[PDB]
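Novice: One structure follows; several queries about it will come next.
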Amino acid sequence: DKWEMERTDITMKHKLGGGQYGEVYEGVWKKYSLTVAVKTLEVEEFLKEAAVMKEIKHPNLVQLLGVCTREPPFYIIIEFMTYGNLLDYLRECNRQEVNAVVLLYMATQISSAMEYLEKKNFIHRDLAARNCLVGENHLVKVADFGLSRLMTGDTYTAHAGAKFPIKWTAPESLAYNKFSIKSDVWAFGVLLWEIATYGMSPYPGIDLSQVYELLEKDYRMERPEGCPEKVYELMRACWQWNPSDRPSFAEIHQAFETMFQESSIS
Ligand SMILES: CNC(=O)c1ccccc1Sc1ccc2c(/C=C/c3ccccn3)n[nH]c2c1
Ligand code: NA
Ligand code: NA
Ligand code: NI
Ligand code: NI
């Protein structure tokens, strides 16, 4: 395995982001003088997460640097994203800096990554602002591929009693445990809303237990202040009850590439 490397190549620092990420550590890869992120350690899931990261490559997907899978503790070496997660980044930013153009740019990058996954027949299953990472100059990458899967059909069935982030999860996924690229499209809609609100929590003040009933009744979050109408329209298409009525990531991406360029012209 070309991805396999010597653990002693890495000097292990403190846990990343005060522990919010689970067991993931800042580390220094000494040879290359490089700060990296190291995921350590059922290991069954852990190892497949690594095999997946070896299959996917894209400028907006967090890149695998290497692994030590041969003996415990197991390492998963991932590129270090200097600004941390998108949620905290949106909350803490200077909005004059991270403005309407930047928000468009973020959606374009993320949708670019999802269009690539869609074309490859993968699903992510954990899309959300907390799972995106931010680099210099508002570079954004999707991370956390632990639940990512290469599909054999058009649908994937989570194991019985698996539990999900209710406010990001598509109705068919909540009810039937069925995931598809369409379910990702739904979650991407929630991510857009997180972006438009600079990291507000979705369905504000609405208790988790009532969310599914509301969706069945075709309640959807309102258009965030300052959110351009075209973007709200996309959100609403993402939240269609029928998965087959949700746009593809190819379409979503094209819509953002268009908006982003027109905004850059101004
Ligand atoms: C087990 N958990 C994950 O794999 C996971 C889940 C959600 C989001 C990310 C990750 S893995 C991860 C975590 C942090 C990073 C970073 C840097 C994090 C950071 C950097 C500055 C300040 C605060 N946090 N670079 N690359 C990373 C990869
Ligand atoms: Na999801
Ligand atoms: Na599962
Ligand atoms: Ni593109
Ligand atoms: Ni494209």
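Labels for the structure tokens follow display order: chains A, B, ..., residues from 1 in each chain, ligands from 1.
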Can you tell me, as a list in words, what residues are no more than 9 Å from segment 200-213 of chain A when counting only C-alpha atoms, ignoring any on the same chain fewer than 4 positions away?
Specialist: residues 87, 91, 166, 167, 168, 171, 174, 175, 190, 193, 194, 195, 196, 217, 218, 219, 220 and 221 of chain A
Novice: Those same residues - N, CA and C atoms - I'd like them written as a JSON list (two decimals), in the first residue's frame.
Specialist:
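Listed below is the output, again.json:
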[["chain", "number", "residue", "atom", "x", "y", "z"],
["A", 87, "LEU", "N", -18.82, 26.15, 10.37],
["A", 87, "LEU", "CA", -19.80, 26.65, 11.33],
["A", 87, "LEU", "C", -19.20, 27.75, 12.21],
["A", 91, "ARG", "N", -19.67, 31.89, 12.25],
["A", 91, "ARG", "CA", -20.08, 32.59, 13.46],
["A", 91, "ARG", "C", -19.12, 33.70, 13.84],
["A", 166, "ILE", "N", -31.23, 14.91, 13.00],
["A", 166, "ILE", "CA", -32.59, 15.11, 12.52],
["A", 166, "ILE", "C", -32.80, 16.35, 11.65],
["A", 167, "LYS", "N", -32.25, 17.49, 12.04],
["A", 167, "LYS", "CA", -32.51, 18.74, 11.31],
["A", 167, "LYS", "C", -31.84, 18.83, 9.93],
["A", 168, "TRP", "N", -30.84, 17.98, 9.70],
["A", 168, "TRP", "CA", -30.19, 17.87, 8.38],
["A", 168, "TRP", "C", -30.64, 16.66, 7.53],
["A", 171, "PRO", "N", -36.46, 13.38, 4.86],
["A", 171, "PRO", "CA", -37.62, 12.66, 5.41],
["A", 171, "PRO", "C", -37.59, 11.15, 5.14],
["A", 174, "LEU", "N", -35.04, 9.71, 7.52],
["A", 174, "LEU", "CA", -35.58, 9.65, 8.88],
["A", 174, "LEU", "C", -36.59, 8.52, 9.05],
["A", 175, "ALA", "N", -37.45, 8.34, 8.06],
["A", 175, "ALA", "CA", -38.54, 7.37, 8.21],
["A", 175, "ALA", "C", -38.16, 5.93, 7.88],
["A", 190, "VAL", "N", -29.89, 22.33, 3.70],
["A", 190, "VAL", "CA", -29.80, 22.80, 5.07],
["A", 190, "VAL", "C", -28.46, 23.53, 5.25],
["A", 193, "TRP", "N", -28.66, 27.01, 4.03],
["A", 193, "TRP", "CA", -29.31, 27.83, 5.04],
["A", 193, "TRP", "C", -28.34, 28.19, 6.19],
["A", 194, "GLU", "N", -27.52, 27.23, 6.60],
["A", 194, "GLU", "CA", -26.50, 27.52, 7.61],
["A", 194, "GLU", "C", -25.58, 28.62, 7.07],
["A", 195, "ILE", "N", -25.28, 28.56, 5.78],
["A", 195, "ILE", "CA", -24.38, 29.54, 5.22],
["A", 195, "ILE", "C", -25.06, 30.92, 5.19],
["A", 196, "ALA", "N", -26.30, 30.96, 4.68],
["A", 196, "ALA", "CA", -27.02, 32.22, 4.57],
["A", 196, "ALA", "C", -27.18, 32.90, 5.91],
["A", 217, "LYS", "N", -46.01, 18.06, 6.69],
["A", 217, "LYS", "CA", -47.04, 19.05, 6.45],
["A", 217, "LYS", "C", -46.53, 20.17, 5.56],
["A", 218, "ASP", "N", -45.33, 19.99, 5.05],
["A", 218, "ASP", "CA", -44.77, 20.95, 4.10],
["A", 218, "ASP", "C", -44.49, 22.28, 4.80],
["A", 219, "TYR", "N", -44.07, 22.20, 6.05],
["A", 219, "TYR", "CA", -43.42, 23.34, 6.66],
["A", 219, "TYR", "C", -41.93, 23.31, 6.23],
["A", 220, "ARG", "N", -41.41, 24.48, 5.88],
["A", 220, "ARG", "CA", -39.98, 24.64, 5.59],
["A", 220, "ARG", "C", -39.47, 25.94, 6.19],
["A", 221, "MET", "N", -38.19, 25.98, 6.55],
["A", 221, "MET", "CA", -37.62, 27.20, 7.12],
["A", 221, "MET", "C", -37.85, 28.37, 6.17]]
Novice: Find the residues near ligand 5. Use a cut-off of 10 Å, count only C-alpha atoms and all ligand atoms, and write them as number ranges by chain.
Specialist: A: 108-109, 111-116, 249-257
Novice: Residues of the last selection are to be written out with N, CA and C atoms, as an mmCIF file, in the first residue's frame.
Specialist:
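Final output, again_13.cif:
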data_model
loop_
_atom_site.group_PDB
_atom_site.id
_atom_site.type_symbol
_atom_site.label_atom_id
_atom_site.label_comp_id
_atom_site.auth_asym_id
_atom_site.auth_seq_id
_atom_site.Cartn_x
_atom_site.Cartn_y
_atom_site.Cartn_z
ATOM 1 N N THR A 108 -20.457 27.310 -4.147
ATOM 2 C CA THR A 108 -19.931 26.836 -5.422
ATOM 3 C C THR A 108 -18.909 25.705 -5.214
ATOM 4 N N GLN A 109 -17.977 25.919 -4.284
ATOM 5 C CA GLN A 109 -16.964 24.924 -3.926
ATOM 6 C C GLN A 109 -17.578 23.645 -3.374
ATOM 7 N N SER A 111 -20.695 22.553 -3.648
ATOM 8 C CA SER A 111 -21.491 21.887 -4.679
ATOM 9 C C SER A 111 -20.598 21.251 -5.740
ATOM 10 N N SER A 112 -19.446 21.858 -5.992
ATOM 11 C CA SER A 112 -18.477 21.245 -6.890
ATOM 12 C C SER A 112 -18.034 19.877 -6.356
ATOM 13 N N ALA A 113 -17.735 19.826 -5.061
ATOM 14 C CA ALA A 113 -17.306 18.572 -4.460
ATOM 15 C C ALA A 113 -18.449 17.534 -4.534
ATOM 16 N N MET A 114 -19.672 17.963 -4.213
ATOM 17 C CA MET A 114 -20.817 17.047 -4.233
ATOM 18 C C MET A 114 -21.128 16.583 -5.661
ATOM 19 N N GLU A 115 -20.997 17.478 -6.635
ATOM 20 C CA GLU A 115 -21.197 17.044 -8.012
ATOM 21 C C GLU A 115 -20.210 15.922 -8.361
ATOM 22 N N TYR A 116 -18.969 16.048 -7.892
ATOM 23 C CA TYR A 116 -17.964 15.010 -8.127
ATOM 24 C C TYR A 116 -18.357 13.684 -7.455
ATOM 25 N N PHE A 249 -26.791 17.502 -8.111
ATOM 26 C CA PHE A 249 -25.645 18.331 -7.756
ATOM 27 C C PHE A 249 -25.019 18.985 -8.995
ATOM 28 N N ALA A 250 -25.037 18.293 -10.128
ATOM 29 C CA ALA A 250 -24.632 18.907 -11.397
ATOM 30 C C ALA A 250 -25.415 20.211 -11.675
ATOM 31 N N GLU A 251 -26.743 20.158 -11.537
ATOM 32 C CA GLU A 251 -27.593 21.341 -11.709
ATOM 33 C C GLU A 251 -27.333 22.423 -10.654
ATOM 34 N N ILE A 252 -27.276 22.010 -9.388
ATOM 35 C CA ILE A 252 -27.012 22.929 -8.291
ATOM 36 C C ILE A 252 -25.706 23.665 -8.563
ATOM 37 N N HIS A 253 -24.655 22.902 -8.830
ATOM 38 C CA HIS A 253 -23.348 23.493 -9.081
ATOM 39 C C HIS A 253 -23.360 24.517 -10.222
ATOM 40 N N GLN A 254 -23.956 24.138 -11.349
ATOM 41 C CA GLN A 254 -24.085 25.040 -12.490
ATOM 42 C C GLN A 254 -24.764 26.348 -12.071
ATOM 43 N N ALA A 255 -25.869 26.239 -11.329
ATOM 44 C CA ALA A 255 -26.561 27.427 -10.826
ATOM 45 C C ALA A 255 -25.648 28.327 -9.972
ATOM 46 N N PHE A 256 -24.828 27.729 -9.112
ATOM 47 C CA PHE A 256 -23.902 28.533 -8.318
ATOM 48 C C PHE A 256 -22.734 29.112 -9.137
ATOM 49 N N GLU A 257 -22.149 28.312 -10.025
ATOM 50 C CA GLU A 257 -21.081 28.819 -10.877
ATOM 51 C C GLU A 257 -21.566 30.039 -11.644
#
Novice: Pick from A:143, A:107, A:56, A:24: nearest to ligand 4, with only C-alpha atoms and all ligand atoms counted?
Specialist: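 Once distances to ligand 4 are computed over only C-alpha atoms and all ligand atoms, the minimum belongs to A:107.
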Novice: Hey, which residues sit close to ligand 1? Say within 6 Å, counting only C-alpha atoms and all ligand atoms, and write them as a VMD selection string.
Specialist: chain A and resid 16 to 17 21 to 22 37 78 to 84 131 143 to 144
Novice: Could you tell me which of A:103, A:189, A:126, A:215 comes closest to residue 233 of chain A if we count only C-alpha atoms?
Specialist: A:189
Novice: Atom CA of residue 241 of chain A to atom CA of residue 258 of chain A: how many Å, to one decimal?
Specialist: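 Atom-to-atom, atom CA of residue 241 of chain A to atom CA of residue 258 of chain A, that is 26.1 Å.
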Novice: Name each residue within 8 Å of ligand 2, counting only C-alpha atoms and all ligand atoms, as a list in words.
Specialist: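 Those residues are residues 124, 125, 126, 127, 165, 168, 169, 170, 173, 179, 183, 184, 186 and 187 of chain A.
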Novice: Pick out the residues sitting within 10 Å of residue 244 of chain A, and hand them over as a ChimeraX atom specification; count only C-alpha atoms, and ignore anything fewer than 4 positions along from it in its own chain.
Specialist: /A:182,240,248
